[PDB]
Amino acid sequence: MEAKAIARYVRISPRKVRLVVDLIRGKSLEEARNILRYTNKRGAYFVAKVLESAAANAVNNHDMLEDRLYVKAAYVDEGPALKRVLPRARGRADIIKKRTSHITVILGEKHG
Amino acid sequence: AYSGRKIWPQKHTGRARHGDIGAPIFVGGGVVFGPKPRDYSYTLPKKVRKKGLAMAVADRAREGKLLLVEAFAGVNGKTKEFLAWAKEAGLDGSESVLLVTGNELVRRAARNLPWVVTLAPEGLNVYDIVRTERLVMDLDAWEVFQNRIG
Amino acid sequence: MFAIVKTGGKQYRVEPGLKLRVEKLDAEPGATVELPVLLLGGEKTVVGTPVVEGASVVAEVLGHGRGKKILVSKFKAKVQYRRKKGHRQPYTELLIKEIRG
Amino acid sequence: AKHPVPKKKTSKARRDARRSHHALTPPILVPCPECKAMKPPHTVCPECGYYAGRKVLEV
Amino acid sequence: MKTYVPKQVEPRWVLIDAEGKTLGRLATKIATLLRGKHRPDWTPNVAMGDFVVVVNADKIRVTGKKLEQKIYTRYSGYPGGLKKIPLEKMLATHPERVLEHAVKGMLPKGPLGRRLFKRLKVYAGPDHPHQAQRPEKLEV
Amino acid sequence: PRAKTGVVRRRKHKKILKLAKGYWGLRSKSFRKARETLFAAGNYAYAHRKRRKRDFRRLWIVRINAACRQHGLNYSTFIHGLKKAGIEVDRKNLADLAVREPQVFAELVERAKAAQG
RNA sequence: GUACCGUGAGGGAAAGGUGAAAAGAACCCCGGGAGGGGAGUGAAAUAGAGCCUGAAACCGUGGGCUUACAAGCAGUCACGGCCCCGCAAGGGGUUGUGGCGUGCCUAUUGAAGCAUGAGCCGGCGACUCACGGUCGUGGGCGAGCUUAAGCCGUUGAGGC
RNA sequence: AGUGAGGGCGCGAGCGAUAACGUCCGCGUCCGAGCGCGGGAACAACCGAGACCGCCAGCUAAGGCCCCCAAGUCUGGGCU
RNA sequence: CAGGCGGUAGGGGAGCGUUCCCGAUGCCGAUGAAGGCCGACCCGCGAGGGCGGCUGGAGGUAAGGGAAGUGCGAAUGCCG
Ligand SMILES: [Mg+2]
Ligand SMILES: [Mg+2]
Ligand SMILES: [Mg+2]
Ligand SMILES: [Mg+2]
Ligand SMILES: [Mg+2]
Ligand SMILES: [Mg+2]
Ligand SMILES: [Mg+2]
Ligand SMILES: [Mg+2]
Ligand SMILES: [Mg+2]
Ligand SMILES: [Mg+2]
Ligand SMILES: [Mg+2]
Ligand SMILES: [Mg+2]
Ligand SMILES: [Mg+2]
Ligand SMILES: [Mg+2]
Ligand SMILES: [Mg+2]
Ligand SMILES: [Mg+2]
Ligand SMILES: [Mg+2]
Ligand SMILES: [Mg+2]
Ligand SMILES: [Mg+2]
Ligand SMILES: [Mg+2]
Ligand SMILES: [Mg+2]
Ligand SMILES: [Mg+2]
Ligand SMILES: [Mg+2]
Ligand SMILES: [Mg+2]
Ligand SMILES: [Mg+2]
Ligand SMILES: [Mg+2]
Ligand SMILES: [Mg+2]
Ligand SMILES: [Mg+2]
Ligand SMILES: [Mg+2]
Ligand SMILES: [Mg+2]
Ligand SMILES: [Mg+2]
Ligand SMILES: [Mg+2]
Ligand SMILES: [Mg+2]
Ligand SMILES: [Mg+2]
Ligand SMILES: [Mg+2]
Ligand SMILES: [Mg+2]
Ligand SMILES: [Mg+2]
Ligand SMILES: [Mg+2]
Ligand SMILES: [Mg+2]
Ligand SMILES: [Mg+2]
Ligand SMILES: [Mg+2]
Ligand SMILES: [Mg+2]
Ligand SMILES: [Mg+2]
Ligand SMILES: [Mg+2]
Ligand SMILES: [Mg+2]
Ligand SMILES: [Mg+2]
Ligand SMILES: [Mg+2]
Ligand SMILES: [Mg+2]
Ligand SMILES: [Mg+2]
Ligand SMILES: [Mg+2]
Ligand SMILES: [Mg+2]
Ligand SMILES: [Mg+2]
Ligand SMILES: [Mg+2]
Ligand SMILES: [Mg+2]
Ligand SMILES: [Mg+2]
Ligand SMILES: [Mg+2]
Ligand SMILES: [Mg+2]
Ligand SMILES: [Mg+2]
Ligand SMILES: [Mg+2]
Ligand SMILES: [Mg+2]
Ligand SMILES: [Mg+2]
Ligand SMILES: [Mg+2]
Ligand SMILES: [Mg+2]
Ligand SMILES: [Mg+2]
Ligand SMILES: [Mg+2]
Ligand SMILES: [Mg+2]
Ligand SMILES: [Mg+2]
Ligand SMILES: [Mg+2]
Ligand SMILES: [Mg+2]
Ligand SMILES: [Mg+2]
Ligand SMILES: [Mg+2]
Ligand SMILES: [Mg+2]
Ligand SMILES: [Mg+2]
Ligand SMILES: [Mg+2]
Ligand SMILES: [Mg+2]
Ligand SMILES: [Mg+2]
Ligand SMILES: [Mg+2]
Ligand SMILES: [Mg+2]
Ligand SMILES: [Mg+2]
Ligand SMILES: [Mg+2]
Ligand SMILES: [Mg+2]
Ligand SMILES: [Mg+2]
Ligand SMILES: [Mg+2]
Ligand SMILES: [Mg+2]
Ligand SMILES: [Zn+2]
């Protein structure tokens, strides 16, 4: 039995946020909380929400109890990209690719 | 339906060279050797025509599948009546038939069959003669057929 | 006991009850064949010059087959010459029954 | 400056190979001796406001 | 049918002596003894040669005016990096190298050759610490 | 009638990238880089079937030769005995009982010694 | 003939598809929301509106084999190891050591070339048709062969 | 139909300086199209030889037979 | 049974596949069409054709013939 939360269309670049998700893979639920609560990176916030919404789905939908949870697996898939023109010198223009993420966290009961 | 313009200059762009966007190398551009309209017809030698006509008629004649009628009693306009007359010739639908006659009534009675194709006598042509397993021809329709060929 | 034999181009070291496979021979899928001893070692030793004069290996033709594909492929650059050929080689499986002599 | 420029698309295996060092290091932390909650060393625990065993700010 | 492939070996150790032997013509046999091409099942891609011990490598002899007309070179990396070393200059300084070095040049280069060179143990004088392995007085 | 490319062009690219599996980097990912790589491996096959043939011969000779020198003599002679001795064994089986059945091979040096002179 | 671009005349896009039915997801949970988890609808929700099918490049997570004294068109032939599918024998994936190994196209007397083209992937992309010739050729007729426009018929019928 | 940019080596001549991977003819050959295979370390045209496919089979070719690297540290006579 | 089978420009021959037509008021198809993802299996020298498993959810088109917008890796190609 495993619980799952996914936050989609998060307006932040996967590279940056994946760096965070890697810090908490496999960690205890209580472990991860503090690691996020004090990570000096914008990602943490978003990662945290999913992590917390994940835990809730565990106890409120999937019957499993709070104090056994851990990050069974977690990942960041990329999603669509807000494309925007940035005007450059000599009248050439660029395109700013503003990426987005589909964060997932899978929480699981430590058996025994 | 586009502009004639050179979309950019020849050299110094860095992009490849181009003409108008109508160029069939573009998307949206023209077709290179796309099908215009055409006239797929030709004059077959009139002789070869009628030679084919006989050749096909007689082919059926060999198969036996040719039947010469001289009259149809039960028919007058309704299909059921043609269907009952069909029993005589052993025309059950187990074989496709080419019904040739002048009498509009008979034609109208039977045309609505799947296993039957109606036809005026002038309309005899080798195509229809071959797609049909059988052949059934009015005695004086067969007159013009003969009269046709030679 | 063993023997060297020679069928189809080449030579093999047989032994009774061997599952060996050579080239396409001709006895129907079940017959037999006498196969010439080039040297009959084992406990004995008999050297053939060229061939041992009496000895003989009777083998059971199991059946005939075709080997796995081989992709013969050729290609010469800047001439755009390219050919593709496939090759299944035929053969025959022999049951080594006994060594005569 | 005649404006240098990459010669070849940096291969997949070569860029990830560079990012070998990018990985983060988890914050280092200690229990606050009263509240036992998690807190970075040498800072005043934001849960109560104690450091050196003395209340220092009125959290 | 398939060619025999050896299972794991219990490599023979060999002592060989070097007073009076010609530098080169000794080496070339060490090299074949090293590769193990003297063994009936020798396989190209495996360490399965022999362990070779050399005593009296100082005593190695060479004809001609080689003894000081021959010059070994070594390239330091820098401008002016080429060092040049006479024969006995090498000898009475590092006798070991002289036979040592004439052999590496007879072993295939790359991973296996480098490994095979490793099994050769070279010494000046009549001494060798390998009473342990009990090396054999190979007497070529 | 217009006949659009449709399934065809992809199906043929499929057939290749199948063969290209195992190749490093883009040689297994891109079609155009797989087909090049396959060409090369194609000729490498061919020409190596040949080369493989002489290389087992090559091996065998060393091993025959190595066995011979245990009985004093070399290989270059050991043949000439065997040849004018009328024996006709090939190198594969020669190098076989070389390794496996040394008593028979050692017997074969005899016929050879006795013959060559 | 729009956005949009040009003072202007003029130029000139991209943008189709839930499902048979909206039955378009009430309600609870996490969250500021966004978005998810249950619940419910449906035959299908890996049909959820960014909606049929959902290829390829590209980016991930998990697993197997693998790599820190070895110089390399990236393969290949051989042997061995490990991990799977299997009576068997075999076979799949991986690769340690060994052998061998000068990309593709085009231009060329000549290219691995320090000569040209290509970042990768998908799609669009180049020897056609009409009249007239000339060879071969499959047939009809043969000292002869053939109709054109057109007219009659027909609605994939032909005949004058 | 394509070709009408050829090239290298041997030989025979002119040109050149009995220079050039020079040039231009002649007669051959090979590369071109055999950058497929073995030797010449490497090396289009030098020596061997014209690859239909398969083989863990045999003889030779040029070139070689101390180790890298297959085969003689072969045998008999000399010189440096 | 004997012999031939390197090959660029090029010439000849024989094939596979795509689209659409006659065959079709037919046959296949919700006991699953086309397309998609796999395969270590069968056939073919090959281009390819089948078979089997997962996906997909409404079309498909035989033997035999026909007519073309018919086969991409390169165009500093065009679009994404
Ligand atoms: Mg679980
Ligand atoms: Mg909390
Ligand atoms: Mg409970
Ligand atoms: Mg216009
Ligand atoms: Mg103009
Ligand atoms: Mg450009
Ligand atoms: Mg445009
Ligand atoms: Mg046209
Ligand atoms: Mg009847
Ligand atoms: Mg009709
Ligand atoms: Mg039988
Ligand atoms: Mg017996
Ligand atoms: Mg760091
Ligand atoms: Mg030696
Ligand atoms: Mg000296
Ligand atoms: Mg200096
Ligand atoms: Mg050492
Ligand atoms: Mg001592
Ligand atoms: Mg022999
Ligand atoms: Mg305007
Ligand atoms: Mg509707
Ligand atoms: Mg309520
Ligand atoms: Mg609220
Ligand atoms: Mg919601
Ligand atoms: Mg639900
Ligand atoms: Mg449901
Ligand atoms: Mg479905
Ligand atoms: Mg699924
Ligand atoms: Mg999308
Ligand atoms: Mg929305
Ligand atoms: Mg992947
Ligand atoms: Mg991975
Ligand atoms: Mg390496
Ligand atoms: Mg190298
Ligand atoms: Mg293991
Ligand atoms: Mg496995
Ligand atoms: Mg497996
Ligand atoms: Mg070589
Ligand atoms: Mg040319
Ligand atoms: Mg140019
Ligand atoms: Mg460039
Ligand atoms: Mg391009
Ligand atoms: Mg670019
Ligand atoms: Mg493209
Ligand atoms: Mg005319
Ligand atoms: Mg004619
Ligand atoms: Mg006549
Ligand atoms: Mg006449
Ligand atoms: Mg007449
Ligand atoms: Mg006429
Ligand atoms: Mg009608
Ligand atoms: Mg119509
Ligand atoms: Mg008429
Ligand atoms: Mg008229
Ligand atoms: Mg011409
Ligand atoms: Mg000309
Ligand atoms: Mg010439
Ligand atoms: Mg010439
Ligand atoms: Mg002169
Ligand atoms: Mg070469
Ligand atoms: Mg070739
Ligand atoms: Mg050569
Ligand atoms: Mg060449
Ligand atoms: Mg020829
Ligand atoms: Mg010779
Ligand atoms: Mg060699
Ligand atoms: Mg001597
Ligand atoms: Mg001598
Ligand atoms: Mg003598
Ligand atoms: Mg149809
Ligand atoms: Mg239909
Ligand atoms: Mg069923
Ligand atoms: Mg199914
Ligand atoms: Mg399909
Ligand atoms: Mg299938
Ligand atoms: Mg099955
Ligand atoms: Mg699945
Ligand atoms: Mg059809
Ligand atoms: Mg057809
Ligand atoms: Mg194609
Ligand atoms: Mg290109
Ligand atoms: Mg450019
Ligand atoms: Mg460029
Ligand atoms: Mg663009
Ligand atoms: Zn506290």
# chains A, B, ... in the order shown; residues from 1 in each chain; ligands from 1
$ residues_near_ligand --ligand "ligand 41" --cutoff "9 Å" --atoms "only C-alpha atoms (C1' of nucleotides) and all ligand atoms" --output "list in words"
residues 117 and 118 of chain G; 76 of chain I
$ write_last_selection --atoms "N, CA and C atoms (P, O5', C5', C4', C3', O3' and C1' of nucleotides)" --output "PDB file, in the first residue's frame"
ATOM      1  P     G G 117      29.667  24.048 -45.868  1.00  0.00           P
ATOM      2  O5'   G G 117      28.493  22.992 -45.969  1.00  0.00           O
ATOM      3  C5'   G G 117      27.403  23.235 -46.821  1.00  0.00           C
ATOM      4  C4'   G G 117      26.349  22.192 -46.636  1.00  0.00           C
ATOM      5  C3'   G G 117      26.017  21.818 -45.204  1.00  0.00           C
ATOM      6  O3'   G G 117      25.107  22.711 -44.581  1.00  0.00           O
ATOM      7  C1'   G G 117      26.405  19.865 -46.431  1.00  0.00           C
ATOM      8  P     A G 118      25.275  23.133 -43.037  1.00  0.00           P
ATOM      9  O5'   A G 118      24.495  22.002 -42.249  1.00  0.00           O
ATOM     10  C5'   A G 118      23.181  21.660 -42.610  1.00  0.00           C
ATOM     11  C4'   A G 118      22.859  20.247 -42.208  1.00  0.00           C
ATOM     12  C3'   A G 118      23.083  19.899 -40.753  1.00  0.00           C
ATOM     13  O3'   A G 118      22.033  20.370 -39.934  1.00  0.00           O
ATOM     14  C1'   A G 118      23.933  18.170 -42.132  1.00  0.00           C
TER      15        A G 118
ATOM     16  P     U I  76      21.278  24.662 -49.482  1.00  0.00           P
ATOM     17  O5'   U I  76      21.207  24.437 -47.916  1.00  0.00           O
ATOM     18  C5'   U I  76      22.308  23.932 -47.198  1.00  0.00           C
ATOM     19  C4'   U I  76      22.723  24.853 -46.076  1.00  0.00           C
ATOM     20  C3'   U I  76      21.645  25.619 -45.311  1.00  0.00           C
ATOM     21  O3'   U I  76      20.958  24.799 -44.360  1.00  0.00           O
ATOM     22  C1'   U I  76      23.597  26.964 -45.666  1.00  0.00           C
TER      23        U I  76
END
$ residues_around --residues "segment 69-76 of chain A" --least-positions-apart "6" --cutoff "10 Å" --atoms "only C-alpha atoms (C1' of nucleotides)" --output "ChimeraX atom specification"
/A:2-8,13-15,17-22,24-32,47,51,54-55,58-59,100-111 /G:59-62
$ residues_near_ligand --ligand "ligand 78" --cutoff "12 Å" --atoms "only C-alpha atoms (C1' of nucleotides) and all ligand atoms" --output "JSON, numbers by chain"
{"I": [19, 20, 21, 22, 23, 24, 26, 27, 28, 60, 61, 62]}
$ interface_residues --of "chain E" --to "chain G" --cutoff "12 Å" --atoms "only C-alpha atoms (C1' of nucleotides)" --output "count of residues only"
21
$ select_by_dssp --residues "chain B" --states "strand (DSSP E or B)" --output "list in words"
residues 66, 67, 68, 69, 97, 98, 99, 100, 116, 117, 118, 119, 135, 136, 137 and 138 of chain B
$ write_last_selection --atoms "N, CA and C atoms" --output "CSV table (one decimal), in the first residue's frame"
chain,number,residue,atom,x,y,z
B,66,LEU,N,-25.9,-18.3,-72.0
B,66,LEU,CA,-26.7,-17.5,-72.9
B,66,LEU,C,-28.1,-18.1,-73.0
B,67,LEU,N,-29.1,-17.3,-72.8
B,67,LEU,CA,-30.5,-17.8,-73.0
B,67,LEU,C,-31.2,-16.8,-73.9
B,68,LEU,N,-31.9,-17.4,-74.9
B,68,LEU,CA,-32.7,-16.6,-75.8
B,68,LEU,C,-34.2,-16.7,-75.4
B,69,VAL,N,-34.7,-15.5,-75.0
B,69,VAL,CA,-36.2,-15.5,-74.8
B,69,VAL,C,-36.8,-14.9,-76.0
B,97,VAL,N,-27.3,-12.0,-63.8
B,97,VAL,CA,-27.8,-12.1,-65.1
B,97,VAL,C,-27.8,-10.7,-65.8
B,98,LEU,N,-27.5,-10.8,-67.1
B,98,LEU,CA,-27.7,-9.5,-67.9
B,98,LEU,C,-29.0,-9.5,-68.6
B,99,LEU,N,-30.0,-8.8,-68.1
B,99,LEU,CA,-31.3,-8.8,-68.8
B,99,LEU,C,-31.3,-7.7,-69.9
B,100,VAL,N,-31.4,-8.2,-71.2
B,100,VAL,CA,-31.4,-7.2,-72.2
B,100,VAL,C,-32.8,-7.3,-72.9
B,116,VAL,N,-29.4,-9.0,-60.8
B,116,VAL,CA,-29.8,-8.7,-62.1
B,116,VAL,C,-29.5,-7.2,-62.6
B,117,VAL,N,-28.9,-7.1,-63.8
B,117,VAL,CA,-28.7,-5.8,-64.4
B,117,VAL,C,-29.5,-5.7,-65.7
B,118,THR,N,-30.4,-4.7,-65.7
B,118,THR,CA,-31.2,-4.4,-66.9
B,118,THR,C,-30.3,-3.6,-68.0
B,119,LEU,N,-30.8,-3.6,-69.2
B,119,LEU,CA,-30.1,-3.0,-70.3
B,119,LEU,C,-30.9,-2.9,-71.6
B,135,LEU,N,-26.8,-14.6,-69.3
B,135,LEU,CA,-27.2,-13.7,-70.3
B,135,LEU,C,-28.6,-14.0,-70.8
B,136,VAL,N,-29.5,-13.1,-70.8
B,136,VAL,CA,-30.9,-13.3,-71.2
B,136,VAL,C,-31.3,-12.2,-72.1
B,137,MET,N,-31.7,-12.5,-73.3
B,137,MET,CA,-31.9,-11.5,-74.4
B,137,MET,C,-33.2,-11.7,-75.1
B,138,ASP,N,-33.9,-10.6,-75.3
B,138,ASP,CA,-35.1,-10.5,-76.1
B,138,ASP,C,-34.9,-10.9,-77.5
